[PDB]
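Some notes on the structure that comes next.
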Amino acid sequence: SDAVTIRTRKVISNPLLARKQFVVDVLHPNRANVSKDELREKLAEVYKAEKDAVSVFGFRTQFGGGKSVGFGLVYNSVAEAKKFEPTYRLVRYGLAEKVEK
Amino acid sequence: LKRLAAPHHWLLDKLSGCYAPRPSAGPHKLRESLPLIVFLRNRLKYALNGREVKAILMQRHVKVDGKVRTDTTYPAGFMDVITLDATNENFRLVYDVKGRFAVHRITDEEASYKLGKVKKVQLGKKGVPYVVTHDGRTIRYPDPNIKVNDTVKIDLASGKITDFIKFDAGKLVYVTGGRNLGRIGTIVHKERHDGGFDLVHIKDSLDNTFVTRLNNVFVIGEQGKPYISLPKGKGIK
Amino acid sequence: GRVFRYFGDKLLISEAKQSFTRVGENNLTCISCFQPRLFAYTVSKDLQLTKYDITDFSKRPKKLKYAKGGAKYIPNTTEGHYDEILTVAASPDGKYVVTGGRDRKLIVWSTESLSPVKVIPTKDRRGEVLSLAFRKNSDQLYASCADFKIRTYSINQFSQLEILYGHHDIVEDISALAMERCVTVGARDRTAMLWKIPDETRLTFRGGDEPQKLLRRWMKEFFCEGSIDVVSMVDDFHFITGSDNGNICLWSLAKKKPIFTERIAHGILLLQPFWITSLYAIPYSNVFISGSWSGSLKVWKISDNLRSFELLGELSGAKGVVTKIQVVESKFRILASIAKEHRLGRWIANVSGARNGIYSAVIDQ
RNA sequence: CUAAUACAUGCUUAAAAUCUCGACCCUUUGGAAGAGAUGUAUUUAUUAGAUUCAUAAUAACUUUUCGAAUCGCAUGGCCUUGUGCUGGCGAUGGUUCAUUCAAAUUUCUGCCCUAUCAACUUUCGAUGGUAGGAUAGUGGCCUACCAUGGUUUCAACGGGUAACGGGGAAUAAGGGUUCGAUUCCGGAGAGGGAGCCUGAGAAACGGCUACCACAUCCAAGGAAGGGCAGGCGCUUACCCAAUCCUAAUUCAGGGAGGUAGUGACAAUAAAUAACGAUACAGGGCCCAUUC
RNA sequence: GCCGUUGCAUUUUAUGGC
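Chains as they are written, first to last, in UniProt numbering: chain F, 2 to 102; chain V, 9 to 245; chain Z, 130 to 165, 184 to 222, 230 to 375, 396 to 443, 469 to 529, 536 to 570.
Given below as structure tokens:
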């Protein structure tokens, strides 16, 4: 809640996986190690699809604090998140059941 | 295949794993071909994992020379047309000036043929002759002028011959192996060498000469005026 | 982008419309004019911002709205200036315009109702604002600061982006274009630096050419570089600086040395050369305007090969200390903020025609 | 008792069918008596090859082999409607070839020193040829005959290098150290023996039978494993998320692979306090142990 | 918007002092 200002670069159209890959930059002065949940919320409002059409991971922060860089994903539809994503990230995001064995 | 045992023309670095994708059995050799998994995520980079390859393979995006080949490690070799129907892309597999496979986005009807040097000519069953190209393809009923060391423009909608170019001095060559891989210059002259190892001398448009074996000399047209759109660098090196 | 607008020859200079407005303020420090109807914004050392409409080129700038603070706003979270305001800059959407000065704060203003919509503490006792510059068609504020810093903000969200360090004296001048880079000077270190914001790198160009070697030039056929007063960015590949001795230095991004330096421009009057107190270029063009307290704005035309520049002329309608130059177009309207003293509170000597106000000059074609 | 993914049986379709040619007729977008012919595996023989390979016929051969009674998306085409022809999309086997993956024989190049090593080999194959056996395969590889041969002084052979072998990896004189127990492979052995198998690829011991040393159980009939690792003497767990391999293969697996335990011979940074204020009080400190 | 001065006569236009 300090004007999060999520910046995106390296946007390449990838229609053969029906997606757009881009590096998420998280500036956070006076705020430390925000989330994985709020990030998927706040970058889906510049692409305007849905929260579960947004995958994100990575995020080793800057030393000292005030900057965080990860790796972000956006798809064209909800069913594409069920096909093109890894099986544990959907459990992590909440979109699936992890059949433990 | 293991790592540091993969060939140099795949451009894979020493880290990221222990094994390499071994090229499967197929129409091309293991040493001068590049597998499909190496093609899309390591050259075109549009996938990231090995699991992401098989998802693209089972969506029928891709086809090699008009045929899908949805194996992971299929050995796509030289003059092969990899076709991405989604996003409308066509590709031709050609070497660099350093020996490595290059990405050359080609047009819609240049992707409707290839060039095949015939390896051998024998008289088949029931009286019909046949040619055998370098890319594992056979063509029966040939034009009787066509013999060994001749390239063939191939129809690619059927298995029929559309054009043939005879191995002559002053016809646009391309090196397909050895230390001089990727050079042009149409012929200087020939050496006989009774006993094999036949040396064909080539001098480029930048007037310099080199020596290769008859194994490696692959003509693609007449002087100047190629029969395929060449990449930048122009094989002059 | 590169230089493509070639209209230095088309400028009818000798019959340019010259006019002057007297205003109710002492020592106006800056002027910033918006182009999407055209607006104007003036701040003075009398603690006042004043808004003008300049959409009518034949008229002098008429008064719309004005706001003056006071000694009420002594603490720093108060919504008002309580000291001299050194710079002002309008946002490219026409919605906000921000002021700041010796009160070491940054107050963002609304252009509509002229209200303090934001106050930002710089949080340093040496974080004095000196020059605010916006990226063209963006809202990323570049803030020159007296604690040798460059502070980058965003306007629409009112956050802080990052800070550049590195200089050795007070950063007076910074200029920018639509790409994400800016030119800065430190104004006594006698260098200038190019700043790539995402690369987080700098390229350091060095002045300080000794006049002693010029005395060698005096054997072949002056004055000291001591303070690089101003910097301006013509294109993304070249820029210019203005000094304390009449030399105006053209700089290339491929040249560590000055690719050109113009010798004494506004002249002298042992002897004292005038200071290059103002320098503003028309964007992506070959024309730029330099100003002094000598009384005539000297305008120059860059050559096509980016190797030298040549005199367009002089406009004598503005007597007094020129602090800041604005140029708008449709025709061209030139505005200049003439104060009685220098921007920095500095001392000025024996100025003929002590007056305060705005210079206007219309050039056709 | 009883099924098929078990055993033994038969058309290759409207009388077979399809191809060519034809005394003649007619000019054609054509039609005819009659005249020839057609799938295929194994062994031998003959001949054509003009311009013994392929290709073919020939004369015999073998337990005389095959010749679509198939599968799914759809419950498919067509008429006055016949035991009809089969099958719109593409799927498996079978005939045969090449290719790929390999595997096996083969050419050349390539390490120290040594004549205080000058001749080596033959003989029951060393050298050659004949013929035969053998193998996936030409071949003294093996066997009978005949001949007496083959290598070598800018050097055959004999012999030492305790380094099981090299390509390779670090310090970077390339001379050298380390590893060659090597990142890739090759030789040895799975208690010791002979015989035998599967697979395209094993000489499988991390396949089988039998022999020999050899010990465990016994209800006393008989049944069974191969003397092994590991540790001390100087406490070892989790997971296939990545790479690649396999899959009854978009599922999952991997004693492949990855992730925690262990610490003065060494060694690494720095904390244990910083800054102010006042009243009392001075015979305080250094040098010559000295005077 | 402090003062002076000029043309429109002051709104308008130009100039000098604090």
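Here a beta-carbon is modelled for each residue, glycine too, at the ideal position from N, C-alpha and C.
The beta strand (DSSP E) enclosing residue i, as first and last residue numbers
| i | result |
| --- | --- |
| residue 540 of chain Z | 537–544 |
| residue 422 of chain Z | 422–426 |
| residue 171 of chain V | 169–173 |
| residue 20 of chain F | 20–28 |
| residue 43 of chain F | Taken as a continuous stretch (DSSP letters only), residue 43 of chain F belongs to no beta strand (DSSP E), being part of the alpha helix (DSSP H) at 38–43. |
| residue 208 of chain V | 207–211 |
| residue 11 of chain F | 7–15 |
| residue 147 of chain V | 146–148 |
| residue 203 of chain V | Unbroken run through residue 203 of chain V: none, as it is neither H nor E. |
| residue 55 of chain F | 55–62 |
| residue 289 of chain Z | Run containing residue 289 of chain Z: none; DSSP gives neither H nor E here. |
| residue 231 of chain V | Premise fails: residue 231 of chain V is in no beta strand (DSSP E) and is neither H nor E. |
| residue 302 of chain Z | Unbroken run through residue 302 of chain Z: none, as it is neither H nor E. |
| residue 72 of chain F | 68–76 |
Sheet register partners of residue i (DSSP bridge)
| i | result |
| --- | --- |
| residue 336 of chain Z | Z:330 and Z:349 |
| residue 113 of chain V | V:99 |
| residue 199 of chain Z | Z:187 and Z:210 |
| residue 270 of chain Z | Z:263 |
| residue 372 of chain Z | Residue 372 of chain Z is not bridged to any residue. |
| residue 15 of chain V | Looking at the DSSP assignment, residue 15 of chain V forms no beta bridge with any residue, so it has no partner. |
| residue 256 of chain Z | Its beta-bridge partners do not exist; DSSP assigns none. |
| residue 244 of chain Z | Z:251 |
| residue 499 of chain Z | Z:487 and Z:510 |
| residue 525 of chain Z | Z:540 |
| residue 155 of chain V | According to DSSP, residue 155 of chain V bridges with nothing at all. |
For residue i, the first and last residue of its enclosing alpha helix (DSSP H)
| i | result |
| --- | --- |
| residue 176 of chain Z | Missing here is residue 176 of chain Z: after 165, the next number in chain Z is 184. |
| residue 91 of chain F | 88–94 |
| residue 65 of chain V | 59–65 |
| residue 218 of chain V | No alpha helix (DSSP H) contains residue 218 of chain V, which is instead part of the beta strand (DSSP E) from 217–221. |
Per-residue DSSP class, three states only, for residue i
| i | result |
| --- | --- |
| residue 47 of chain V | helix |
| residue 28 of chain V | coil |
| residue 297 of chain Z | strand |
| residue 135 of chain V | helix |
| residue 472 of chain Z | strand |
| residue 219 of chain Z | helix |
| residue 83 of chain F | helix |
| residue 130 of chain V | strand |
| residue 120 of chain V | helix |
| residue 432 of chain Z | coil |
| residue 311 of chain Z | coil |
Residue-chain proximity (residue i, chain V), Cβ-Cβ < 8 Å
| i | result |
| --- | --- |
| residue 23 of chain F | no |
| residue 60 of chain F | no |
| residue 15 of chain F | yes |
| residue 85 of chain F | yes |
Interface flag, residue i vs chain Z, CB-CB below 8 Å
| i | result |
| --- | --- |
| residue 96 of chain F | no |
| residue 28 of chain F | yes |
| residue 126 of chain F | The structure shown does not extend to residue 126 of chain F, since chain F is modelled only from 2 to 102, so the question has no answer here. |
Neighbour flag for residue i against chain F, beta carbons, 8 Å
| i | result |
| --- | --- |
| residue 214 of chain V | no |
| residue 119 of chain V | no |
| residue 260 of chain Z | no |
| residue 194 of chain V | no |
| residue 69 of chain V | yes |
| residue 95 of chain V | yes |
| residue 315 of chain Z | yes |
| residue 84 of chain V | no |
Under 8 Å: do the segment 145–159 of chain Z and the segment 551–567 of chain Z share three or more Cβ pairs, one atom per stretch? yes
Using a Cβ distance threshold of 8 Å, determine whether the segment 421–429 of chain Z contacts the segment 204–214 of chain V, with at least three qualifying pairs required. no
State whether the segment 234–242 of chain Z contacts the segment 203–211 of chain Z, with contact taken as three or more CB pairs (one from each stretch) at a distance under 8 Å. Counting Cβ pairs under 8 Å, fewer than three are found: no touch.
State whether the segment 318–329 of chain Z contacts the segment 341–349 of chain Z, with contact taken as three or more CB pairs (one from each stretch) at a distance under 8 Å. yes
Inter-stretch contact at 8 Å, needing at least 3 Cβ pairs: the segment 61–71 of chain F / the segment 22–33 of chain F: yes
Answer yes if the segment 10–20 of chain V comes into contact with the segment 44–54 of chain V, meaning at least three C-beta pairs across the two stretches below 8 Å, and no otherwise. yes
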